[PDB]
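Read the single chain below, which is given as structure tokens and is the form deposited in one PDB entry.
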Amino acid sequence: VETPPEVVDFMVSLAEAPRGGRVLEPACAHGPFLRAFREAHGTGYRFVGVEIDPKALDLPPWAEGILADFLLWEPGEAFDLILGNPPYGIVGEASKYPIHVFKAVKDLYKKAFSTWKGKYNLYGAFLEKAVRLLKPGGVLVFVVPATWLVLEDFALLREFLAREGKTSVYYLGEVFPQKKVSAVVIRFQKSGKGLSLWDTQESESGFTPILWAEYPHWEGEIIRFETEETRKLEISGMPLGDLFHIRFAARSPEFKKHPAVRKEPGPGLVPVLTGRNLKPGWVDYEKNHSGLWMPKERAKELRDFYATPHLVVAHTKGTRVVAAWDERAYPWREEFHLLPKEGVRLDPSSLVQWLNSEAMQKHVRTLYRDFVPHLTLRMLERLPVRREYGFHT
């Protein structure tokens, strides 16, 4: 894992520190950020690097190297500037997640971080740790995944940043070669308040920040790339979430242990559908992509709504809206399942067409770009639906 030169340069161009100030690079290894900052701003600073793997710690003699777990590190003094690229990843069982540590250690992280939510991520913890290590007025500059702009797992982190100081977010995108992640650079200052969202332009000369929008009273709300168009479209109709209760499919384990489910096709048996069975406007009821089969009528045992024809919206087809009406009412292993709320009148055919329209695809693409490889509930809830498609009585 290395950070592209132009990314480091761009980040260094956003960093600031007072003469003789303390500068730190967490999870430094050989310290690419300390080197770049020193070459750009001089040597009149106290350079510190923290690395947990001794084989990786390799700093120049003018910097102070510290062997320790950054997240549980307790220095004597706070810092004026913290910059770097923290490790990303969920802490969990190796068969499913990338970060592997003793449960007791994960317990220590949970105890130390007030923003730790759900499965959380190593990068969220590094952000909180760095902010806590920041001296009043101090500045932090990290490059991390863009997922924290919209995901629930990071609601406390956003709320934390909003109340601890001022934040600027610069969208980069997939700037890490052979690394499947959409990234953003965050410049946080432990003072003031508000949020500034910037887009960037890449050139040979490097990255150039382009001011997109400003939210002076940001309190941790989901961060999006709004435009006059997205705004105009959102107030043109009722949020989809006000018309439908939104549930998710029962998970693979539930099906796998259910006595009515089989690993092979058979009479009276039907496949448990997945995102691969959902297409724009229709459902492929024949193909089996889950390796699971079961009698249709028994599906209501895992989720009661599996017995009722209803609207289905995709979750993992990237940032877009793919919907279809499940007229047969099949058992599903994935996707969103929307049940109309009491008094809600709708036109399935027309609503489906609206959800799959090009206009809708552009709407979500503009707002959430490629932060995450999904259409999340938070995104789905806010989709605007006008009277032509759904009406609340």
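Between two forms, the rigid core is the largest collection of C-alphas that superpose within 1.5 Å. Note that residue numbering begins at 1 and tracks the sequence as displayed.
One more form of this protein, deposited in another entry, exists but is not displayed; see below.
In the overlay on the core between the shown form and the other one, a shift of 2 Å or more in CA position is seen for a single residue of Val169, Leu292, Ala130, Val143, which is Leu292. Annotation: Cα of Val270 displaced by at least 2 Å between the shown form and the other one, core superposition. Comparing the forms between the shown form and the other one on their rigid core, the Cα displacement of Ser252 reaches 2 Å or more. In the core-superposed comparison between the shown form and the other one, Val261 has its Cα shifted by at least 2 Å.
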